[PDB]
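# Survey of secondary and tertiary structure
Given next are the chains, with one letter for each unit.
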Amino acid sequence: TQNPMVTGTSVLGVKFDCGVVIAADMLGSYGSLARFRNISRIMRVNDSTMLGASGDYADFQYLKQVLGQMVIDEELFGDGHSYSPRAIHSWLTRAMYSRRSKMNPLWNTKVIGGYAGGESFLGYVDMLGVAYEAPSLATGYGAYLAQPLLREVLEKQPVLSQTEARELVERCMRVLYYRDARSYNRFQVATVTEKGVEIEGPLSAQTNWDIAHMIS
Amino acid sequence: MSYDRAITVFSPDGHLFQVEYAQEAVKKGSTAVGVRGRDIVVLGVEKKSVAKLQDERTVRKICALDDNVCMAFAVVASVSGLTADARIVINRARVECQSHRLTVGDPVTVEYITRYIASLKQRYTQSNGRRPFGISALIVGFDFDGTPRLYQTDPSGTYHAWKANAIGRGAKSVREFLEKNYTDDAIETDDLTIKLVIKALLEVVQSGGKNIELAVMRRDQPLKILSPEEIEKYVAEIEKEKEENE
Amino acid sequence: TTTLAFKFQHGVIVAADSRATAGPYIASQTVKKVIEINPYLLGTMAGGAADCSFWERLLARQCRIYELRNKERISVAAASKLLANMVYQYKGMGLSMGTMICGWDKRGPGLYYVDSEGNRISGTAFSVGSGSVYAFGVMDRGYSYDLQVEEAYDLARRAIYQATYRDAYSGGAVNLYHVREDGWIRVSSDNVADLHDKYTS
Amino acid sequence: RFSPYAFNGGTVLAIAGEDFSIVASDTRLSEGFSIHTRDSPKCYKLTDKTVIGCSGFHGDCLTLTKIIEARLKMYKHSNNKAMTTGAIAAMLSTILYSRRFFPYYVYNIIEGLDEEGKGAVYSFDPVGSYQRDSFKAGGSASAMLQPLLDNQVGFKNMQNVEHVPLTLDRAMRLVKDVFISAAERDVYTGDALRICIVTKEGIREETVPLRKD
Amino acid sequence: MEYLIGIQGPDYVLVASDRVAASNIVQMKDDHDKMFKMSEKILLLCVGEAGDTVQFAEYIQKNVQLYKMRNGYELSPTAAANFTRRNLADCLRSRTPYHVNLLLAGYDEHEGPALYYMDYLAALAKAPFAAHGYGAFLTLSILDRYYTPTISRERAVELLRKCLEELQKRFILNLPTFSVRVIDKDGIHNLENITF
Amino acid sequence: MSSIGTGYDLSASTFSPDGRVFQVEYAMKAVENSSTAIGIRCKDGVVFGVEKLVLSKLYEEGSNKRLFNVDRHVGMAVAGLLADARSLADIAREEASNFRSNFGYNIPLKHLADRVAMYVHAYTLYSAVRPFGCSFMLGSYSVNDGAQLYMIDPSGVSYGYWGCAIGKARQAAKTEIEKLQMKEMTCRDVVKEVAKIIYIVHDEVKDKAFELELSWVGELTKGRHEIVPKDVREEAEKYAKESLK
Amino acid sequence: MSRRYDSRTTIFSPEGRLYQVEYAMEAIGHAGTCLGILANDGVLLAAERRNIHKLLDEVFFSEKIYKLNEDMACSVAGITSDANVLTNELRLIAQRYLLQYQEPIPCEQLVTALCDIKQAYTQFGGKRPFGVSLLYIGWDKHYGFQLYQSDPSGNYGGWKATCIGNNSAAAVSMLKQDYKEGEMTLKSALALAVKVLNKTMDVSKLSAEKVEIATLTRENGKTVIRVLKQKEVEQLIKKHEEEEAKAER
Amino acid sequence: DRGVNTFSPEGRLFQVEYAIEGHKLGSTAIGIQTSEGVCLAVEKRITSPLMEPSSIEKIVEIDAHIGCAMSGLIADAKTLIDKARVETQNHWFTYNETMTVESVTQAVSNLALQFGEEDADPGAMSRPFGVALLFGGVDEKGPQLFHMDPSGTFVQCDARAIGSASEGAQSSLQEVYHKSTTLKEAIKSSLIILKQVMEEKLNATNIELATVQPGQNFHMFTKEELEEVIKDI
Amino acid sequence: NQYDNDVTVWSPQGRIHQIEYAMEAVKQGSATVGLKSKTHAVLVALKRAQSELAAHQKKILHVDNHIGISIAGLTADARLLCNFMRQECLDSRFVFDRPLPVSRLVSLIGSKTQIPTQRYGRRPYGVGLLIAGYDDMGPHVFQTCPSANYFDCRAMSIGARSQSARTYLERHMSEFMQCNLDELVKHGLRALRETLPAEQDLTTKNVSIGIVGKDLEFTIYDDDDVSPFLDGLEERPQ
């Protein structure tokens with residue numbers, strides 16, 4: 001929910017930042033409307049060799065964000081110094097283009113999670129289509145915002161030093177609620193981990209829910 | 001504004017070939033004297049070249065840039081007739097004058113026109129296709145303070161306030177002939193200014209008051225271009241007078 | 001005429017008085033909102049209609065008056081400011097803008113005032129009122145009025161007109177800003193509080 | 001709060017109180033409203049040189065555009081001229097940028113906070129519409145009139161028959177930062193999580209966080 | 001019966017004109033006298049009536065263009081044609097649903113043919129005519145003008161007739177104005193008559 | 001080669017009476033004075049080698065460069081007048097980036113080679129610009145079309161290449177590529193082979209010591225143009241010294 | 001190169017005036033002549049075509065005199081080539097002014113506007129000024145019947161009888177000699193027009209094929225611009241025989 | 001034409017070197033920076049006794065607080081002043097502070113060299129400017145005099161004179177003036193060099209003097225107040 | 001002659017004569033030394049003045065508070081490139097919000113200065129810039145020429161007989177990274193004198209200092225605010 005003007009959607013993108021690594025979990029189920037058009041789809045893109053992208057919200061608006069992203073890395077390579085981007089500059093330059101795009105009638109609440117370490121600077125960035133961009137500990141927007149983000153944030157506020165393992169069991173649990181509540185998917189996920197040296201992501205594998213909501 | 005060579009190249013003289021060449025182009029627009037009175041500021045021009053098959057309006061060096069600013073032109077030389085190249089400076093000058101009336105609706109200032117023109121000539125240098133100018137204008141007009149103004153501009157880009165100035169057939173020469181004729185009485189008396197303009201034109205031209213057309217402009221009324229016939233009546237008395245100051 | 005953003009011409013000065021708040025939002029827009037701002041010394045442009053409309057027009061005006069003054073070396077007239085203000089503003093106008101701004105200056109026959117609006121009015125006046133509803137301000141201002149009118153009458157009139165406005169129409173705050181604008185140098189006269197002058201006069 | 005066309009929720013309420021030597025600009029810390037709160041950190045406040053600091057509040061998207069834009073202006077006055085950008089120079093400058101956000105419409109109110117060369121400490125409200133003025137009490141952000149009243153009593157102290165002012169002390173301002181946001185939490189839970197207090201003495205910026213329980 | 005109120009009656013050796021002075025903001029006349037009669041020349045008069053603001057913008061653009069014809073020829077332009085010429089420009093603007101429509105009254109003297117007077121509607125229609133009025137005021141006088149005078153009627157009777165007409169506006173019309181300007185034109189020039 | 005400094009090059013739109021502009025002939029002469037830059041196409045990538053001039057021990061990678069990434073998968077090795085080579089890299093960088101926005105795939109080099117060669121010819125045509133003063137190679141590894149190597153001269157000819165070298169001795173280096181079969185090689189063996197040729201071909205008359213900088217777009221860099229990996233660099237470095245001896 | 005030539009088009013020369021403007025006048029001299037004469041109730045144009053050939057088909061009966069508007073007429077003196085462009089600009093200006101004005105286009109107004117384009121090229125754009133002087137005849141109320149003359153120099157002139165094209169000095173005097181100020185009526189003026197054309201040509205013998213005669217005569221409520229057919233001109237060629245006697249006598 | 005890309009083998013333009021010779025024939029301008037103001041002196045060039053000093057000036061207003069006196073070729077000065085005037089007024093709305101004497105001089109300095117025989121635009125030229133301008137005004141850093149020259153360089157100077165002999169007029173100024181001194185002594189120092197370098201000698205309609213103090217607006221001097229400064233040459 | 005003013009006539013080496021003149025223009029201009037560390041970047045430039053009753057013109061120009069430039073050559077040509085460098089850096093800061101790398105910025109400048117070298121009838125610029133910047137990687141001093149050709153150096157000196165300054169720089173190359181902000185200036189001073197005759201050393205009012213970093217904001221030291229950075233120098237190392 002929380003998604004004006006969407007058609008093909010990526011439902012939910014987890015992003016939680018731990019010390020030098022991020023785990024993002026995003027479903028393979030990529031609904032073109034209510035119907036799950038593609039049961040497996042990798043919503044993980046390669047910005048660079050040293051950067052990674054994972055995105056949630058409408059998937060069409062994501063391919064647009066992808067073409068814009070793609071050129072920025074090209075620019076840096078383009079000089080001949082052969083630099084790899086910094087997470088803050090690429091994500092930030094696009095946040096401005098999301099301020100311009102509001103005015104025309106196409107809407108964007110497009111949400112990407114950038115973790116990189118490049119040059120010598122470590123970023124965790126989140127960039128939106130309304131252009132709420134910030135550094136964070138954990139973030140997710142759109143449909144992520146309505147249901148998983150607050151439980152993820154509630155744990156995050158007294159324990160700000162959650163680890164990728166505690167988050168793993170929690171990602172699996174939350175996506176179980178997505179198969180049941182959301183009408184854009186029935187399970188199956190891809191687990192993507194971004195690092196500051198290489199972009200890693202095992203392919204989409206099935207997962208299946210557990211029933212216990214017909215006892216009372 | 002399109003060419004494929006520079007319009008001018010600099011010299012170690014510190015003259016612009018095109019502005020000096022332009023000064024001769026504006027003496028094509030023949031001799032013009034203007035004197036400033038108390039309430040009537042008057043300019044008059046040389047040659048109407050009457051053959052009674054022509055119109056008088058078409059040859060004019062007197063051009064109305066607005067209905068409360070007017071100017072007559074020349075500078076230095078002795079070269080051949082042609083209204084036209086001078087006419088082109090007028091066409092720029094008339095927009096320039098009119099744009100100011102939009103900005104300030106009271107009778108527009110002389111100072112504005114002269115300044116815009118100096119800068120306009122430097123600008124044409126910069127563009128390779130644009131032909132520069134270098135002219136002198138006898139700007140006549142009134143302020144919103146109601147006081148008389150007679151201003152003059154030069155090819156050197158410089159404008160000065162004056163009580164009498166003449167341009168044409170040697171700019172310094174017609175001007176000096178007026179310096180003699182000037183007395184303190186002349187400028188307050190309405191009648192006296194008119195005679196100054198006619199003595200200066202009468203020098204270079206044969207049988208004026210057919211080749212002397214002058215306009216008076218007033219504080220309250222716009223440009224009035226007088227018929228030549230009433231000017232001839234003056235020329236006859238005034239030529240008597242012209243020999244006397246000499 | 002409108003609000004209490006008011007000016008009228010006398011024989012010697014333009015007496016301009018204004019209120020704090022009268023803008024948007026249910027409360028005070030700013031608690032100490034001034035509309036007799038001095039970005040230059042020559043003559044205020046009143047606060048007509050929307051806050052954005054006159055103010056936007058004014059960065060242009062403060063820059064434009066100077067440009068005329070500096071180049072001719074002879075000052076701008078109430079008329080040169082009316083024509084100047086009208087050509088810049090018409091073009092800008094079409095974003096739902098409209099103001100009621102004031103070209104003032106001492107010219108040939110005393111004070112001259114030309115009333116300019118953002119839709120390109122050019123009318124000659126001796127009284128202008130900007131904002132929304134002068135009808136509570138106007139009557140008490142009128143009794144001793146004429147086109148040129150002495151300083152003594154002007155004191156009696158100006159003091160009652162502001163004071164009366166406060167009693168009758170109440171929504172302002174803080175203090176009533178009074179400034180007098182000559183043809184080249186305005187000065188801020190006095191800052192008497194709006195609640196203080198209202199009982200007194 | 002404000003209609004979707006650049007928003008779908010942003011919240012954030014700021015208060016700032018002028019003494020006559022210090023100005024503390026307090027804002028809630030957290031990026032909130034959509035239907036839940038998005039993120040717990042984000043820098044609203046930026047010091048452009050050392051002598052002007054702007055804090056822009058309401059939508060975190062507007063705040064990121066406008067603040068960087070405020071940094072840009074400081075660079076423009078240094079390059080163009082040679083000077084450090086004072087309080088007046090910045091306040092005036094913000095209005096040029098603000099002109100853009102009148103047919104666009106916003107309720108993001110940016111507040112430049114500094115010491116001015118007039119003999120006092122200054123807190124400026126420009127409205128997000130346009131206009132700029134200086135004031136002794138001020139509420140700016142998603143509601144520009146909900147923080148405002150507490151400061152109206154406490155700072156101004158114009159409660160006689162007439163209006164005479166009487167600014168409060170520095171120690172009284174710190175307590176005012178801490179208290180206001182908790183009071184505003186009751187009313188609108190769009191001031192929640194953590195209270196961030198920035199103190200500008202117009203020659204330095206310092207920060208304090210405090211949790212809200 | 002269209003917009004704001006103006007009336008002019010040429011007897012073809014006299015022209016009688018009166019126009020309202022009233023650029024009204026809210027419910028008060030911010031000044032008493034306000035210009036709606038503009039002089040392009042001393043022998044051309046344009047009386048523009050419609051919108052307070054619209055009348056002024058339209059007139060000034062045409063007025064510098066009018067001057068341009070005067071600047072070049074250094075004799076009179078064809079004044080009848082110039083008041084029509086602005087009208088043709090307003091025909092192009094009329095397709096657009098924006099209002100820039102002006103009810104105009106041309107008084108001009110031309111050299112060679114003689115006097116010309118042309119009527120302009122807010123629907124934009126050029127007529128040389130015995131008397132025409134714009135807005136509500138056309139409504140007020142057109143019906144008496146066949147009956148009570150001639151199109152060669154005396155200046156005295158014209159003026160009495162005009163005085164009564166302006167009193168009928170205060171008396172009957174929801175738009176009264178207690179300042180109206182009256183000007184009388186002989187065969188060539190403007191005379192400023194007593195305000196009523 | 002024909003060209004005289006007086007006549008038929010006193011505007012950059014003047015066509016010479018021989019059929020080939022004097023200016024293009026001058027542009028090739030500058031390439032002939034410069035150092036050797038080689039790029040050899042492999043079966044599993046392309047390996048570049050360009051010698052990076054060192055005039056001081058103050059210099060870092062940024063000084064006297066001749067490896068650009070036009071895309072971020074396509075490389076550019078240039079030789080000749082550096083000033084025009086870097087400007088054409090900037091316009092080319094833009095041209096690649098716009099292509100990626102629209103098309104959305106690793107660009108096929110065969111399309112680049114035609115569009116760039118025509119652009120290089122355009123500057124010979126026009127008065128406001130003069131011909132480019134370098135010859136350059138464009139080299140990529142993609143999955144859309146594989147390994148591709150093209151060279152464009154400052155004339156504005158594009159020809160396809162298995163392995164080309166441009167330098168002070170263009171013909172000797174190309175015979176040496178001919179002797180070896182890259183058909184037998186994978187991308188790993190090629191790095192050794194580029195490295196030697198650069199040292200022998202180049203004649204010091206303007207250098208004083210150079211550093212060889214090489215770039216991969218191959219197997220261990222995954223279809224994006226990265227600088228040579230460390231293992232590959234060391235294998236390459238030893239063989240180059242050994243070949244001298 | 002381009003920097004080692006001269007042609008002094010936008011650049012002023014030692015003269016103080018451009019070569020290109022002065023040269024255009026020479027080209028006009030050896031090309032067919034156009035004259036406009038004033039009558040009391042009309043104005044007329046008479047022109048010598050640029051065709052010296054003995055056989056014309058009359059595909060276009062405007063090869064010198066083109067009628068722009070129903071209120072105006074022009075002639076060409078110079079090269080037919082620069083005329084072609086100018087003719088197309090004139091059909092638009094002449095009708096545009098009329099849409100607005102609703103009054104027959106003033107002869108003066110037209111020329112000054114046109115002359116501005118002629119001068120624009122020589123001063124800037126790096127183009128030469130048109131090799132054609134256009135002779136405009138028209139009628140407006142506030143000057144009366146008119147003839148105006150256009151140059152490549154941007155010079156205009158208010159005339160009552162003038163001729164431009166070949167042997168112009170002779171031609172203007174010859175029109176003055178036969179025809180004083182306001183003397184001759186429209187019919188007798190058409191004869192006079194042919195008489196000067198017979199004398200002054202690039203190549204002798206005046207025939208129907210070599211001449212085209214145009215009348216502006218104000219008819220009943222409309223000002224009518226007609227180019228006369230070959231047949232009518234012929235009646236004037238015999239009239240021109242009669243006219244030679246008449247000037248002398 | 002004949003080369004307008006012309007470099008000498010030393011490494012400067014011939015054309016720029018040619019630009020100075022034009023200045024030398026033209027008018028004379030003195031700018032002196034004082035703690036207590038900036039005084040600006042300029043040649044009016046009398047040549048009739050009918051030219052009115054109050055009505056016409058060559059000390060002109062950049063802003064209502066800033067002045068510029070011109071020297072060398074007059075046409076050339078006007079083009080630089082009109083772009084500089086707008087930059088200044090636009091600056092005032094935006095910042096709400098007066099423009100530094102340095103800030104305006106930097107903008108004009110860009111125009112001096114950008115020439116080339118072909119590819120010219122308004123931002124470029126066909127030949128470099130031969131005017132030197134003395135921009136004098138009072139700002140918030142205090143009274144400053146900045147000097148802009150034909151080479152399109154800006155320098156801070158507390159005394160500069162440029163005219164008939166640029167270096168000559170500056171050498172007279174080097175003998176007299178001292179860095180920190182009273183307004184009357186700075187105004188005296190400007191007039192004194194002026195008459196000696198020129199052919200023309202000191203009068204009250206021969207030269208024009210206007211003084212800008214800090215805490216004052218730009219004032220162009222009255223007929224009487226111009227004559228007061230003449231008593232001390 | 002006129003075949004050396006044509007930007008379309010070249011040598012048999014393939015060098016346009018107009019580019020060759022344009023490099024020399026730098027060399028007649030005053031000497032500037034630009035060094036980097038791993039916390040700071042220092043620009044030391046040599047001044048000039050017209051008179052004794054005048055202060056010297058800053059040859060250090062203010063762009064941003066993280067990047068700064070120093071000029072050697074023609075000021076007017078300088079100012080066009082300066083208007084270009086300020087426009088790009090500020091752009092970068094609004095849109096990207098990264099404190100722009102030096103390395104990206106110089107390459108674009110290289111493109112522009114190359115355009116007049118290709119144009120017929122237009123002269124190349126002839127000013128030398130040592131651009132000092134601080135990004136998150138650390139400081140870089142890049143030197144851009146009147147041609148595209150740009151250098152990434154630890155230390156560089158350009159101007160009259162600049163080769164000699166490089167030698168001092170090369171002996172202390174490693175040290176620069178360890179040294180402090182204060183020392184980096186002192187090592188600059190000692191390089192700058194090598195360019196000039198050995199008959200002359202520096203003075204207080206001909207030295208301008210421009211300090212760059214984001215551990216400090218940009219500062220220009222003029223003629224008397226130079227002194228604290230100045231102390232510690234060796235008279236003519238040979």
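Definitions and limits used
- Residues numbered from 1 in each chain as written, not as in the entry; some residues may be left out.
- Chains lettered and ligands numbered in written order.
- Part of a larger assembly, values for the part shown.
- Heavy atoms only, no water.
- Contact = heavy atoms within 4.5 Å.
- Buried area = accessible area lost by both parts, 1.4 Å probe.
- Salt bridge = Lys/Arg side-chain N within 4 Å of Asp/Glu carboxyl O.
- Polar contact = N/O pair within 3.5 Å; in protein donor to acceptor, adjacent residues only side chain to side chain.
- Helix = DSSP H or I, 4+ residues; strand = E, 2+ residues; numbered from the N terminus.
- Nonpolar A, V, L, I, M, F, W, Y, C, P; charged D, E, K, R; others polar.
- Patch = residues over 30% accessible without salt bridge, like charges linked within 9 Å, V, L, I, M, F, W, Y side chains within 5 Å.
- Areas by Shrake-Rupley, 256 points an atom, 1.4 Å probe, with all protein chains shown as cover.
- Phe/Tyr/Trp six-rings, centres within 6.5 Å; stacked < 30°, edge-to-face > 60°.
- Buried < 20%, exposed > 50% of the residue type's maximum accessible area, 1.4 Å probe, protein only.
- Pairing = 2+ DSSP bridges.
- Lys, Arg positive; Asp, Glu negative; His and termini not counted.
- Charge placed at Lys NZ, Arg CZ, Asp CG, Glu CD.
- Axes fitted to C-alpha atoms, helices over the stretch in contact; angles between N-to-C directions.
- Parallel < 35°, antiparallel > 145°, perpendicular 65-115°, else oblique.
- Left-handed = near helix turned anticlockwise from the far one by under 90°.
- Core = buried A, V, L, I, M, F, W, Y, C linked by side-chain atoms within 4.5 Å.

Going by the header, the method for this PDB entry is cryo-EM, and the resolution given is 15.4 Å.

Each partner contributes to the interface: chain A provides 15 residues, whereas chain I provides 16 residues. Roughly 1,400 Å² is buried in total at the junction of chain A and chain I, and carbon and sulfur atoms are behind 57% of that figure. The three residues of chain A that bury the most area against chain I are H81(A), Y83(A) and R86(A), which together make up 37% of that side's buried surface. Inspection of the region where chain A meets chain I yields two salt bridges. When the shortest N-O distance is used, the salt bridge between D136(I) and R86(A) registers 3.1 Å. Counting every contact that joins chain A to chain I gives five residue pairs in polar contact. Residue contributions to the side of chain A that touches chain I peak at six residues, all from helix α2 (residues 87-101) of chain A. Looking at the side of chain A that touches chain I residue by residue, the class counts come to eight nonpolar, four polar and three charged.

Quick look at a nonpolar patch on the surface now. A cluster of nonpolar residues, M5(A), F60(A) and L106(A), forms a patch on the protein surface that exposes about 260 Å² of accessible area. One can find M5(A) in the segment before β1 (9-10).

The next subject is the environment of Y168(I). Residues and elements named next belong to chain I. Examined against the element boundaries, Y168 turns out to sit in helix α4 (residues 163-171). Each C-alpha atom, one on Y168 and one on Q238, is 9.1 Å from the other, the two residues being 70 residues apart in sequence. Other than its neighbours up to four places away in sequence, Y168 contacts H187, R190, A191, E234 and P237.

Glancing now at the arrangement of the chains. Regarding chain A and chain C, which are not in contact, the minimum distance between any of their C-alpha atoms is 16 Å. Regarding chain A and chain G, which are not in contact, the minimum distance between any of their C-alpha atoms is 36 Å.

On to the packing of aromatic side chains, then. Across all of its chains, the model carries 38 aromatic pairs over all chains by this definition. Consider the rings of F6(C) and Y161(C), whose centres lie 5.3 Å apart with planes at 70°: the pair is edge-to-face. One end of the pair, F6(C), is in strand β1 (residues 5-9); the other, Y161(C), is in helix α4 (residues 151-168), with 155 residues separating them in the sequence. Taken individually, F6(C) and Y161(C) each receive the classification buried, so the pair is uniform in this respect. Look at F14(H) and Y18(H): their rings are 6.5 Å apart centre to centre, the planes differ by 45°, and that puts the pair in the tilted class.

Here we take up the sheet that holds strand β6 (residues 148-153) of chain B. Residues and elements named next belong to chain B. Reading across from one edge, β3-β4-β5-β6-β7 is the order of the five strands in this open sheet, with antiparallel pairing throughout. The two strands at the open ends of the sheet, each matched to only one other strand, are β3 (63-64) and β7 (159-161). Pairing geometry for strand β4 (residues 69-74) and strand β5 (residues 136-142), over six bridges, is antiparallel. Bridge pairing in β5 links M71 to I139.

A few words on a negative patch on the surface. A cluster of acidic residues, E56(B), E229(B), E230(B) and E232(B), forms a negative patch at the surface. If you trace the backbone, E230(B) turns up in helix α7 (residues 228-245).

Time to look at the packing of helix α1 (residues 59-78) of chain A against helix α2 (residues 82-103) of chain F. α2(F) packs onto α1(A) with a crossing angle of 160° between their chain directions and a minimal axis gap of 9 Å. Here α1(A) lies roughly antiparallel to α2(F), going by the angle between them. Considering how the two elements wind past one another, α1(A) and α2(F) form a crossing that is right-handed. On the side of α1(A), the interface is formed by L67(A), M70(A), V71(A), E74(A), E75(A) and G78(A), while α2(F) contributes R93(F), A96(F), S97(F), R100(F) and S101(F). The residue inventory of the contact of α1(A) with α2(F), partitioned by class, reads four nonpolar, three polar and four charged.

A few words on helix α6 (residues 190-204) of chain B. Along α6(B), the residues that are buried comprise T193(B), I194(B), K195(B), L196(B), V197(B), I198(B), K199(B), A200(B), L201(B) and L202(B). Residues of α6(B) that are buried make contact with β1 (32-36), β2 (40-46), α4 (171-181), α5 (184-188), β9 (212-218) and α7 of chain B.

Let's shift gears to the nonpolar core. Membership of the largest hydrophobic core comes to 59 residues, with the highest contact counts inside it found for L80(H), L133(H), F135(H), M85(I) and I131(I). Looking at which element gives the most residues to this core, the answer is helix α2 (residues 75-95) of chain I, with six residues. In terms of nonpolar packing, the next biggest core, distinct from the first, is built from 51 residues, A46(G), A47(G), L186(G) and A193(G) among them.

Once that is clear, we can look at the side chain of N101(E). Residue and element names in this part refer to chain E. Along the chain, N101 falls in the loop between α2 (79-93) and β5 (103-109). Looking at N101, its side chain comes within polar contact range of the main-chain oxygen of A122, at 3.3 Å. Not counting residues up to four positions away in its chain, the partners in contact with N101 are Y3, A50, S94, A122 and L124.

This part covers the interface of chain B and chain G. The extent of an interface is frequently quoted as the accessible surface area lost upon association of the parts. Of the residues lining the interface, 37 residues belong to chain B; the matching set on chain G comes to 40 residues. Carbon and sulfur atoms supply 50% of the area that chain B and chain G bury against each other, a total of about 3,200 Å² over both sides. Put simply, chain B and chain G have two salt bridges between them. At the boundary of chain B with chain G, the tally comes to 15 residue pairs in polar contact. If you list the elements that add at least two residues to the side of chain B that touches chain G, you get α1 (17-27) and α2 (84-103) of chain B.

Residue and element names in this part refer to chain A. Looking at the secondary structure, you find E194 in strand β11 (residues 189-194). Buried within the structure, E194 lacks any salt-bridge partner; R44 is the closest side chain of opposite charge, at an N-O distance of 7.0 Å. A polar atom in the side chain of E194 sits 3.0 Å from the side chain of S54. In contact with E194, other than residues within four places in its own chain, are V21, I22, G52, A53, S54, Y115 and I199.

Residue and element names in this part refer to chain F. With respect to topology, five strands assemble into an open sheet ordered β4-β5-β6-β7-β8, the strand pairing being antiparallel. Only two strands of the sheet have a single neighbouring strand rather than two, namely β4 (67-68) and β8 (158-160). Here five bridges tie strand β6 (residues 134-140) to strand β7 (residues 148-152), and the two strands are oriented antiparallel to one another. Its bridge partner lying in β7, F136 is registered against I152.

Further remarks concern the pattern of salt bridges. Per the stated rule, a full pass over the model turns up 107 salt bridges over all chains. For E198(A), the salt bridge identified is with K222(F), shortest N-O distance 3.9 Å. In this pair, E198(A) is assigned in the loop between β11 and β12 (199-200) and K222(F) in the loop between β10 (210-217) and β11 (226-227), connecting two distinct chains. Taking relative accessible area as the criterion, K222(F) reaches 44% and is therefore assigned partly exposed. Between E52(H) and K163(B) there is a salt bridge whose closest N-O contact spans 3.6 Å. Of the two residues, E52(H) is situated in the loop between β2 (38-43) and β3 (59-63) and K163(B) in the loop between β7 and β8 (164-167); the pairing between them involves two chains. Connected through shared salt-bridge partners, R151(A), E152(A), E167(A), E170(A) and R174(A) make up one network.

All names here are of chain C. Both strand β7 (residues 175-180) and strand β8 (residues 187-193) contribute to a ladder of six bridges, which runs antiparallel. Residue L176 lies in a different strand from β8, and its bridge partner there is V192. Counting the residues between successive antiparallel strands, the hairpin from β7 to β8 contains six residues.

What follows concerns unusual backbone geometry. All names here are of chain D. Notably, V12 is not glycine yet its phi reads approximately 85°, a positive angle. Positionally, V12 belongs in the segment before β1 (13-18). Residue classification places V12 among the buried residues on the basis of a relative accessible area of 0%. Unusually for a residue other than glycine, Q131 sits at a positive phi of about 50°. Among the structural elements, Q131 can be located in the loop between β6 (121-126) and β7 (132-134). A relative accessible area of 0% means that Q131 is categorised as buried.

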